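Novice: Got a structure here, written out as structure tokens. Questions coming.
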Amino acid sequence: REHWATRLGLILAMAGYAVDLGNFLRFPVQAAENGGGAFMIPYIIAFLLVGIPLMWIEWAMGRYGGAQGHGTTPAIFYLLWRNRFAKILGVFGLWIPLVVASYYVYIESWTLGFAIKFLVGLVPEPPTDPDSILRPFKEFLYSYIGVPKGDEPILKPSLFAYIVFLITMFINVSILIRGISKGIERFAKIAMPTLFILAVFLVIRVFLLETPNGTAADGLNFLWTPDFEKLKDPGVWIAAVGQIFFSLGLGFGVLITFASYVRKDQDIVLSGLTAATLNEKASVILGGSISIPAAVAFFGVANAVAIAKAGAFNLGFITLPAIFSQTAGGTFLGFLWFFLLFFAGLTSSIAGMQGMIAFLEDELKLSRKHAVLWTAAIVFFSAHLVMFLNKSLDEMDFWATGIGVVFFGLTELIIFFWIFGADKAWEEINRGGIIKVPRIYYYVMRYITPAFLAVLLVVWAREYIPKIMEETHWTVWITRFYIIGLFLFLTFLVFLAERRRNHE
Ligand SMILES: CN(C)CCCN1c2ccccc2CCc2ccc(Cl)cc21
Ligand code: NA
Ligand code: NA
């Protein structure tokens with residue numbers, strides 16, 4: 001089996017995964033909408049009671065199975081719980097990231113496209129007035145995505161977008177085909193620094209942004225000024241518990257699969273705690289000092305509310321480009337911004353797509369090459385649904401993430417800590433650890449953590465399930481029909497896996 005070459009490269013791959021566009025975009029938005037500085041209170045809390053424990057747990061389940069030559073949750077869940085239902089419940093941890101990758105790699109391509117489009121100077125140039133600057137970059141984005149001009153639920157992306165996508169894929173395979181050490185880790189050693197460099201440089205430039213409407217200081221102020229009145233709202237406490245899940249990226253089986261390339265007795269307690277610290281430092285410091293300040297700097301603090309309600313997506317592909325088109329030589333900032341996001345995704349997309357490669361390697365005994373190419377073929381195929389069918393993207397994200405984090409996460413907990421046994425698990429977590437997990441985390445892992453996930457499951461099931469189930473168009477069934485067909489397919493490979501093992 002393959003293994004990590006360096007302790008650093010491990011943390012950098014892990015942090016490479018965890019570090020998102022979400023750090024630079026989703027995280028700052030969630031803050032401003034839910035108390036600003038006050039959002040840190042429920043955020044830090046859920047970071048200790050939920051994010052930190054589960055992190056160790058996925059890491060633990062990973063190494064526990066990874067020693068036994070099994071990186072995927074179909075196998076691992078069978079080892080923690082030797083049941084027929086455990087393999088099935090484990091299929092999700094192979095189904096969840098595959099579905100997400102069916103659109104993430106595509107979204108990742110946009111950045112590369114936009115980066116190229118911004119580098120060569122092929123960008124809209126306005127014209128004064130806010131809508132008279134945003135609309136050119138609002139339409140620029142729609143041409144790339146291929147947003148429908150008719151009632152039809154049919155996207156028609158530009159030929160260039162498609163080409164960049166293939167290129168983007170080709171980039172992913174290029175790193176993936178070189179294994180864990182000479183590929184992901186080797187790249188994580190290059191990407192993570194390159195990422196930090198761009199972040200700071202942007203942050204610096206952003207702080208030097210002065211417009212008639214305001215300054216960057218006004219953005220940091222608005223963002224970090226704590227409105228505690230919103231902490232009374234349960235919705236803030238929920239949006240917090242989820243945001244951490246999203247930022248750390250738990251409940252996708254990726255941490256598990258990654259931690260399955262960790263040797264049997266190498267530390268996972270501190271290693272994970274470090275990668276987790278890197279991601280969150282990146283969010284609050286870097287990410288929360290580029291977008292929101294630059295937005296507030298240009299559109300005043302008056303629109304700082306309206307900007308936040310405009311969704312993170314707009315801020316990154318419409319608002320921030322349109323802002324850069326006005327600054328001194330900002331066509332290069334556009335290139336720097338997008339290329340920053342490109343890597344942020346590229347360090348993650350290679351990570352998530354490894355879970356499938358590992359499955360074919362471990363269970364179906366495929367070479368790394370074949371496991372890589374076939375996985376690329378599956379993701380490339382599915383992506384056409386997201387590329388061409390409208391709102392297919394959102395449907396995939398809704399199910400794979402919305403459910404996949406809340407359901408599979410609480411599944412990882414009960415299987416490893418309640419079924420496999422708390423004590424046997426607690427030792428499996430602390431084992432090899434340079435430091436030891438505090439004794440109090442035993443109660444958090446066993447009672448407090450699943451208490452939160454449980455409350456989270458209930459609130460989610462009431463609010464989000466009746467919405468997508470009726471009010472939506474009929475083409476959502478096509479997306480549903482497809483993603484269901486994937487789970488049924490992975491059920492068949494899991495079946496083929498166990499039938500190949502009884503023979504030998
Ligand atoms: C930067 N990260 C948060 C790591 C996850 C990125 N990501 C993702 C992003 C948004 C929502 C769900 C998921 C699911 C995990 C997963 C799995 C494979 C890939 Cl190719 C990306 C991917
Ligand atoms: Na993150
Ligand atoms: Na990343």
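Identifiers for the structure tokens are assigned positionally: chains receive A, B, ... in sequence, residues are indexed from 1 per chain, and ligands are indexed from 1 in the order shown.
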Fewer than 2 positions away in the same chain doesn't count, so skip those; otherwise give me all residues within 12 Å of residue A:121, counting only C-alpha atoms, as a ChimeraX atom specification.
Specialist: /A:114-119,123-125,325,329-335
Novice: Residues as selected, N, CA, C and O atoms, written as a short mmCIF file (atom, residue, chain, number, x, y, z; two decimals), in the first residue's frame, can you do that?
Specialist:
data_model
loop_
_atom_site.label_atom_id
_atom_site.label_comp_id
_atom_site.auth_asym_id
_atom_site.auth_seq_id
_atom_site.Cartn_x
_atom_site.Cartn_y
_atom_site.Cartn_z
N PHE A 114 -11.78 31.70 -16.03
CA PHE A 114 -11.80 33.11 -15.63
C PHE A 114 -10.40 33.67 -15.41
O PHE A 114 -10.12 34.81 -15.77
N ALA A 115 -9.53 32.86 -14.81
CA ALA A 115 -8.13 33.25 -14.60
C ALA A 115 -7.46 33.53 -15.94
O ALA A 115 -6.81 34.57 -16.12
N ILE A 116 -7.62 32.60 -16.88
CA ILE A 116 -7.12 32.77 -18.24
C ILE A 116 -7.74 33.99 -18.91
O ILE A 116 -7.04 34.82 -19.47
N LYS A 117 -9.07 34.08 -18.83
CA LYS A 117 -9.80 35.21 -19.41
C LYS A 117 -9.34 36.54 -18.83
O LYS A 117 -9.35 37.56 -19.52
N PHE A 118 -8.94 36.54 -17.56
CA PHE A 118 -8.49 37.76 -16.89
C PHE A 118 -7.02 38.05 -17.17
O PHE A 118 -6.61 39.21 -17.19
N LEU A 119 -6.24 37.00 -17.39
CA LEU A 119 -4.82 37.17 -17.66
C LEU A 119 -4.57 37.77 -19.04
O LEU A 119 -3.81 38.74 -19.17
N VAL A 123 -11.66 40.44 -20.83
CA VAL A 123 -12.68 40.66 -19.81
C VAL A 123 -13.52 41.87 -20.18
O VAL A 123 -13.07 42.73 -20.93
N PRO A 124 -14.76 41.94 -19.67
CA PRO A 124 -15.63 43.10 -19.94
C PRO A 124 -15.04 44.39 -19.38
O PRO A 124 -14.39 44.36 -18.33
N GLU A 125 -15.27 45.50 -20.07
CA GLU A 125 -14.77 46.80 -19.61
C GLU A 125 -15.86 47.87 -19.62
O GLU A 125 -16.19 48.41 -20.68
N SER A 325 -11.99 45.35 -12.08
CA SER A 325 -11.97 46.00 -13.40
C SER A 325 -11.82 47.52 -13.30
O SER A 325 -11.58 48.20 -14.30
N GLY A 329 -4.59 48.47 -12.75
CA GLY A 329 -4.05 47.23 -13.26
C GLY A 329 -4.76 46.02 -12.69
O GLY A 329 -4.18 44.94 -12.58
N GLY A 330 -6.03 46.21 -12.34
CA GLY A 330 -6.80 45.18 -11.67
C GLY A 330 -7.19 43.99 -12.52
O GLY A 330 -7.85 43.07 -12.04
N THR A 331 -6.80 44.00 -13.79
CA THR A 331 -7.02 42.84 -14.65
C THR A 331 -6.08 41.73 -14.20
O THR A 331 -6.32 40.55 -14.49
N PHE A 332 -5.03 42.11 -13.48
CA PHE A 332 -4.06 41.16 -12.96
C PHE A 332 -4.51 40.64 -11.61
O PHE A 332 -4.26 39.48 -11.27
N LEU A 333 -5.17 41.50 -10.84
CA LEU A 333 -5.77 41.08 -9.58
C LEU A 333 -6.84 40.05 -9.85
O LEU A 333 -7.00 39.10 -9.08
N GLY A 334 -7.59 40.27 -10.93
CA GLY A 334 -8.57 39.31 -11.39
C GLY A 334 -7.91 37.98 -11.65
O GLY A 334 -8.38 36.95 -11.19
N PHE A 335 -6.79 38.00 -12.37
CA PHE A 335 -6.01 36.79 -12.59
C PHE A 335 -5.52 36.16 -11.29
O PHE A 335 -5.57 34.95 -11.13
#
Novice: Which of stretch 79-292 of chain A counts as helix (DSSP H, G or I) under DSSP, as a PyMOL selection string please?
Specialist: chain A and resi 79-80+84-119+131-145+159-176+180-207+216-224+228-232+234-248+254-261+269-289+291-292
Novice: Quote the spacing between atom CA of residue A:497 and atom CA of residue A:257 in Å to one decimal place.
Specialist: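 Straight-line distance from atom CA of residue A:497 to atom CA of residue A:257 works out to 17.3 Å.
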Novice: 7 Å from ligand 1 is the threshold here; counting only C-alpha atoms and all ligand atoms, which polymer residues fall inside it? Answer as number ranges by chain.
Specialist: A: 17-22, 96-98, 100-101, 104-105, 246-249, 252, 254, 344-345, 348-353, 397, 401
Novice: Give me the residues within 12 Å of residue A:323 as a PyMOL selection string, counting only C-alpha atoms and dropping any in the same chain fewer than 6 places off.
Specialist: chain A and resi 124-126+130+133-134+136-137+206+209-211+290-299+315-317+329-331+333-334+337
Novice: Extract, using only C-alpha atoms, all DNA, RNA and protein residues at most 12 Å from stretch 458-474 of chain A, discarding same-chain residues fewer than 5 positions from it, and format them as a PyMOL selection string.
Specialist: chain A and resi 151-153+234-235+237-239+241-242+389-392+394-399+401-407+451-453+479-481
Novice: Using Å and a single decimal, report how far atom CA of residue A:447 sits from atom CA of residue A:414.
Specialist: 10.5 Å
Novice: From the options A:108, A:218, A:280, A:129, which residue's atoms come nearest to ligand 2, counting only C-alpha atoms and all ligand atoms?
Specialist: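 Smallest distance to ligand 2 is found for A:280.
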Novice: Calculated over only C-alpha atoms, which of the candidates A:487, A:338, A:162, A:442 has the smallest distance to residue A:427?
Specialist: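 Comparing A:487, A:338, A:162, A:442 against residue A:427, the winner is A:442.
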Novice: Can you pull out the residues contacting residue A:288? Cut-off 12 Å, using only C-alpha atoms, and skip same-chain residues under 6 positions away; I want them as number ranges by chain.
Specialist: A: 21-32, 36-37, 199-200, 202-203, 206-207, 216, 219-224, 280-282, 294-295
Novice: Would you mind exporting the chosen residues as an mmCIF file, in the first residue's frame, restricted to C-alpha atoms?
Specialist:
data_model
loop_
_atom_site.group_PDB
_atom_site.id
_atom_site.type_symbol
_atom_site.label_atom_id
_atom_site.label_comp_id
_atom_site.auth_asym_id
_atom_site.auth_seq_id
_atom_site.Cartn_x
_atom_site.Cartn_y
_atom_site.Cartn_z
ATOM 1 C CA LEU A 21 -13.141 28.723 -1.919
ATOM 2 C CA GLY A 22 -15.470 28.437 1.096
ATOM 3 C CA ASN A 23 -12.703 29.849 3.277
ATOM 4 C CA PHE A 24 -12.533 32.933 1.022
ATOM 5 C CA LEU A 25 -16.235 33.149 0.242
ATOM 6 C CA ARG A 26 -18.768 31.005 2.112
ATOM 7 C CA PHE A 27 -17.193 31.586 5.530
ATOM 8 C CA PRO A 28 -17.072 35.426 5.472
ATOM 9 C CA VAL A 29 -20.666 35.590 4.228
ATOM 10 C CA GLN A 30 -21.979 33.320 6.991
ATOM 11 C CA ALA A 31 -20.238 35.550 9.511
ATOM 12 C CA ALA A 32 -21.634 38.894 8.358
ATOM 13 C CA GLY A 36 -20.488 39.472 12.431
ATOM 14 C CA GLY A 37 -17.953 39.143 15.229
ATOM 15 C CA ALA A 199 -3.714 35.346 -0.160
ATOM 16 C CA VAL A 200 -1.402 37.814 1.607
ATOM 17 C CA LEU A 202 -4.343 40.146 -2.211
ATOM 18 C CA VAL A 203 -5.054 41.054 1.445
ATOM 19 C CA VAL A 206 -7.289 44.999 -0.614
ATOM 20 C CA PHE A 207 -6.289 47.056 2.456
ATOM 21 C CA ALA A 216 -11.095 48.338 3.522
ATOM 22 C CA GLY A 219 -15.176 46.280 5.512
ATOM 23 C CA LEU A 220 -13.243 44.668 8.347
ATOM 24 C CA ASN A 221 -15.238 46.841 10.749
ATOM 25 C CA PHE A 222 -18.609 45.815 9.344
ATOM 26 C CA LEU A 223 -17.476 42.200 9.160
ATOM 27 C CA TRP A 224 -15.997 41.935 12.635
ATOM 28 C CA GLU A 280 -9.533 27.986 10.177
ATOM 29 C CA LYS A 281 -6.651 30.473 10.371
ATOM 30 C CA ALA A 282 -6.978 30.712 6.600
ATOM 31 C CA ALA A 294 -12.931 44.925 -0.925
ATOM 32 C CA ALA A 295 -16.695 44.788 -1.496
#
Novice: Find, counting only C-alpha atoms and all ligand atoms, the residue in A:449, A:167, A:16, A:161 that gets nearest to ligand 2.
Specialist: A:16
Novice: Do you have the atom CA of residue A:43-atom CA of residue A:204 distance handy?
Specialist: 26.1 Å
Novice: I'd like the contact shell of residue A:178 - 12 Å cut-off, only C-alpha atoms, skipping same-chain residues fewer than 2 positions apart - returned as a PyMOL selection string.
Specialist: chain A and resi 2+171-176+180-187+350+354+357+367-369+371-372
Novice: Would you write out those residues with C-alpha atoms, as an mmCIF file, in the first residue's frame?
Specialist:
data_model
loop_
_atom_site.group_PDB
_atom_site.id
_atom_site.type_symbol
_atom_site.label_atom_id
_atom_site.label_comp_id
_atom_site.auth_asym_id
_atom_site.auth_seq_id
_atom_site.Cartn_x
_atom_site.Cartn_y
_atom_site.Cartn_z
ATOM 1 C CA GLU A 2 1.022 3.644 -0.563
ATOM 2 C CA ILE A 171 -4.661 18.641 -14.643
ATOM 3 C CA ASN A 172 -6.319 16.599 -11.890
ATOM 4 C CA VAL A 173 -5.415 13.239 -13.459
ATOM 5 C CA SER A 174 -1.825 14.417 -13.962
ATOM 6 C CA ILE A 175 -1.381 14.759 -10.203
ATOM 7 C CA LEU A 176 -3.589 11.814 -9.270
ATOM 8 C CA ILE A 180 -0.108 9.712 -2.687
ATOM 9 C CA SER A 181 3.527 10.659 -2.091
ATOM 10 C CA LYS A 182 4.872 11.675 -5.505
ATOM 11 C CA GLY A 183 1.579 13.318 -6.477
ATOM 12 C CA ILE A 184 -0.841 14.702 -3.889
ATOM 13 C CA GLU A 185 1.738 15.319 -1.148
ATOM 14 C CA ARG A 186 4.420 16.566 -3.556
ATOM 15 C CA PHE A 187 1.834 18.985 -4.965
ATOM 16 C CA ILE A 350 -7.575 15.733 -6.195
ATOM 17 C CA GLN A 354 -8.935 9.689 -4.395
ATOM 18 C CA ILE A 357 -9.294 5.475 -6.861
ATOM 19 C CA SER A 367 -3.767 -0.589 -10.750
ATOM 20 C CA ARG A 368 -3.403 3.034 -9.769
ATOM 21 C CA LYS A 369 -3.484 4.097 -13.440
ATOM 22 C CA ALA A 371 -8.254 3.341 -10.969
ATOM 23 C CA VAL A 372 -7.410 6.949 -11.848
#
Novice: Could you give me, as a list in words, each residue of stretch 160-328 of chain A that DSSP assigns to strand (DSSP E) when run on this structure's backbone?
Specialist: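 Filtering stretch 160-328 of chain A down to strand (DSSP E) leaves residues 210, 211, 214 and 215 of chain A.
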Novice: Rank nothing, just name the residue among A:342, A:45, A:284, A:51 nearest to residue A:113, using only C-alpha atoms.
Specialist: A:342
Novice: Write out as a list in words the residues lying within 9 Å of residue A:188, counting only C-alpha atoms and excluding same-chain residues fewer than 2 positions away.
Specialist: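 Contacts, in chain order: residues 9, 10, 11, 12, 13, 14, 15, 16, 183, 184, 185, 186, 190, 191, 192, 193 and 347 of chain A.
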Novice: Hey, which of A:279, A:231, A:358, A:437 ends up closest to ligand 3? Count only C-alpha atoms and all ligand atoms.
Specialist: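 So, comparing all the options, the nearest one is A:279.
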